[PDB]
Amino acid sequence: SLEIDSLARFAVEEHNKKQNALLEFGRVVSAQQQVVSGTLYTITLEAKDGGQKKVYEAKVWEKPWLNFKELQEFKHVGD
Amino acid sequence: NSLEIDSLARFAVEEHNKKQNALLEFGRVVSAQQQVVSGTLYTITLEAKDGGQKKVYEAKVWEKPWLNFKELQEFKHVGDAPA
């Protein structure tokens with residue numbers, strides 16, 4: 001499929017540009033697609049780690065009608 | 001919504017601790033934003049060459065064609081391929 005091949009090449013190029021890398025696209029080996037629905041929560045929370053209180057940002061994709069939850073991002077943003 | 005957001009914050013910390021083998025001790029929710037999401041999510045396995053070597057990668061790309069929007073949400077080295 002031309003569409004998937006184009007998305008795959010986008011991913012590599014975008015990875016390259018973001019990380020300053022030189023990956024050379026080879027080929028798509030398999031691909032799935034799904035309709036996105038539900039809600040994306042961006043949550044700032046405090047938790048203790050390394051002996052001190054730290055602030056993290058989490059992005060959680062959830063679909064209530066399935067009890068589906070996926071952590072899509074989790075980063076330390078402050079203390 | 002407050003219980004819901006608390007339950008998702010706890011899930012986030014649990015999942016982080018599991019993935020990273022970490023020991024975060026949940027404190028509290030500080031703030032939260034939310035947005036309904038739509039469009040299409042593609043999960044792609046691909047091969048690419050890195051220095052001399054061919055490697056296998058998993059990419060996720062979120063697309064919203066009515067906005068010409070594409071976002072790389074994951075790009076992970078998942079396997080090695082023969083020399």
# chains A, B, ... in the order shown; residues from 1 in each chain; ligands from 1
>>> interface_residues(of="chain B", to="chain A", cutoff="7 Å", atoms="only C-alpha atoms", output="PyMOL selection string")
chain B and resi 8-9+12+23-50+59+72
>>> write_last_selection(atoms="N, CA, C and O atoms", output="short mmCIF file (atom, residue, chain, number, x, y, z; two decimals), in the first residue's frame")
data_model
loop_
_atom_site.label_atom_id
_atom_site.label_comp_id
_atom_site.auth_asym_id
_atom_site.auth_seq_id
_atom_site.Cartn_x
_atom_site.Cartn_y
_atom_site.Cartn_z
N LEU B 8 -6.85 7.55 36.72
CA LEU B 8 -5.93 7.57 35.57
C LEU B 8 -4.52 7.97 35.98
O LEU B 8 -3.54 7.49 35.40
N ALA B 9 -4.42 8.90 36.93
CA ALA B 9 -3.10 9.30 37.45
C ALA B 9 -2.42 8.10 38.13
O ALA B 9 -1.21 7.85 37.96
N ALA B 12 -1.25 5.75 35.50
CA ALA B 12 -0.04 6.27 34.86
C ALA B 12 1.20 5.93 35.70
O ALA B 12 2.22 5.44 35.18
N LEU B 23 10.06 3.18 41.35
CA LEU B 23 9.49 3.09 42.70
C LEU B 23 8.78 4.39 43.05
O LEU B 23 8.80 4.80 44.19
N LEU B 24 8.15 5.03 42.06
CA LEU B 24 7.39 6.24 42.37
C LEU B 24 6.33 5.93 43.42
O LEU B 24 5.70 4.89 43.36
N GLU B 25 6.17 6.82 44.39
CA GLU B 25 5.15 6.64 45.43
C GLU B 25 4.09 7.70 45.16
O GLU B 25 4.37 8.88 45.25
N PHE B 26 2.89 7.28 44.79
CA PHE B 26 1.88 8.26 44.41
C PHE B 26 1.63 9.31 45.50
O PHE B 26 1.48 8.96 46.68
N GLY B 27 1.60 10.58 45.11
CA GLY B 27 1.32 11.68 46.03
C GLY B 27 -0.10 12.17 45.77
O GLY B 27 -1.05 11.82 46.48
N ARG B 28 -0.26 12.96 44.72
CA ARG B 28 -1.60 13.50 44.40
C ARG B 28 -1.69 14.04 43.00
O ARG B 28 -0.69 14.42 42.41
N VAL B 29 -2.91 14.15 42.50
CA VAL B 29 -3.18 14.92 41.28
C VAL B 29 -3.00 16.42 41.52
O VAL B 29 -3.53 16.96 42.49
N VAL B 30 -2.26 17.09 40.65
CA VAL B 30 -2.07 18.54 40.72
C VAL B 30 -3.05 19.29 39.81
O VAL B 30 -3.68 20.25 40.21
N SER B 31 -3.17 18.83 38.57
CA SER B 31 -4.06 19.45 37.62
C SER B 31 -4.32 18.51 36.45
O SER B 31 -3.57 17.55 36.25
N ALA B 32 -5.34 18.80 35.65
CA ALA B 32 -5.63 17.92 34.54
C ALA B 32 -6.36 18.67 33.45
O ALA B 32 -7.14 19.58 33.73
N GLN B 33 -6.06 18.31 32.20
CA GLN B 33 -6.78 18.76 31.01
C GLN B 33 -7.24 17.54 30.26
O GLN B 33 -6.61 16.50 30.38
N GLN B 34 -8.27 17.67 29.43
CA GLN B 34 -8.74 16.54 28.62
C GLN B 34 -9.27 16.99 27.27
O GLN B 34 -9.72 18.12 27.11
N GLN B 35 -9.17 16.12 26.28
CA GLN B 35 -9.73 16.43 24.98
C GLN B 35 -10.20 15.16 24.33
O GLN B 35 -9.54 14.10 24.42
N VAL B 36 -11.35 15.25 23.67
CA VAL B 36 -11.87 14.15 22.87
C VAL B 36 -10.90 13.92 21.72
O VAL B 36 -10.42 14.87 21.13
N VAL B 37 -10.61 12.66 21.40
CA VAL B 37 -9.70 12.40 20.28
C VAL B 37 -10.42 11.64 19.15
O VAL B 37 -11.35 10.88 19.40
N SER B 38 -9.95 11.87 17.93
CA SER B 38 -10.50 11.20 16.75
C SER B 38 -9.41 11.06 15.70
O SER B 38 -8.28 11.50 15.91
N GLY B 39 -9.78 10.49 14.54
CA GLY B 39 -8.85 10.28 13.44
C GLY B 39 -8.47 8.80 13.39
O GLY B 39 -9.24 7.93 13.82
N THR B 40 -7.28 8.53 12.86
CA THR B 40 -6.83 7.16 12.64
C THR B 40 -5.44 6.96 13.23
O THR B 40 -4.58 7.83 13.09
N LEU B 41 -5.23 5.81 13.85
CA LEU B 41 -3.93 5.51 14.44
C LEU B 41 -3.31 4.34 13.68
O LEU B 41 -3.93 3.28 13.58
N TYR B 42 -2.13 4.55 13.10
CA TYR B 42 -1.46 3.48 12.35
C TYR B 42 -0.34 2.93 13.20
O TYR B 42 0.42 3.69 13.78
N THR B 43 -0.25 1.61 13.28
CA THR B 43 0.83 0.95 13.98
C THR B 43 1.61 0.18 12.91
O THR B 43 1.07 -0.73 12.26
N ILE B 44 2.87 0.54 12.72
CA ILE B 44 3.64 0.08 11.58
C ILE B 44 4.93 -0.60 12.06
O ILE B 44 5.66 -0.01 12.89
N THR B 45 5.19 -1.81 11.57
CA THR B 45 6.52 -2.43 11.75
C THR B 45 7.30 -2.21 10.47
O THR B 45 6.77 -2.48 9.37
N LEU B 46 8.53 -1.71 10.58
CA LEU B 46 9.34 -1.40 9.41
C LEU B 46 10.80 -1.78 9.67
O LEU B 46 11.22 -1.90 10.82
N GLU B 47 11.56 -1.97 8.60
CA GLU B 47 12.99 -2.14 8.70
C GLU B 47 13.68 -0.90 8.16
O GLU B 47 13.19 -0.28 7.21
N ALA B 48 14.83 -0.57 8.76
CA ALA B 48 15.63 0.56 8.35
C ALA B 48 17.05 0.29 8.73
O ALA B 48 17.31 -0.49 9.65
N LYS B 49 17.97 0.95 8.04
CA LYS B 49 19.37 0.68 8.26
C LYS B 49 19.97 1.83 9.04
O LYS B 49 19.77 3.00 8.70
N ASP B 50 20.75 1.46 10.04
CA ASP B 50 21.32 2.31 11.09
C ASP B 50 22.82 1.98 11.07
O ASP B 50 23.19 0.87 11.41
N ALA B 59 6.48 1.83 14.72
CA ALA B 59 6.12 3.23 14.72
C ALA B 59 4.62 3.36 14.90
O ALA B 59 3.85 2.55 14.36
N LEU B 72 3.91 11.63 14.91
CA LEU B 72 4.66 10.44 15.34
C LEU B 72 4.51 10.28 16.84
O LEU B 72 4.96 11.11 17.62
#
>>> atom_distance(atom1="atom CA of residue B:76", atom2="atom CA of residue A:66")
26.2 Å
>>> atom_distance(atom1="atom CA of residue A:6", atom2="atom CA of residue B:58")
14.8 Å
>>> atom_distance(atom1="atom CA of residue A:3", atom2="atom CA of residue B:55")
22.0 Å
>>> select_by_dssp(residues="chain B", states="strand (DSSP E)", output="MDAnalysis selection string")
chainID B and resid 25:36 40:50 53:64 69:80
>>> closest_residue(among="B:7, B:19, B:83, B:14", to="residue B:52", atoms="only C-alpha atoms")
B:83
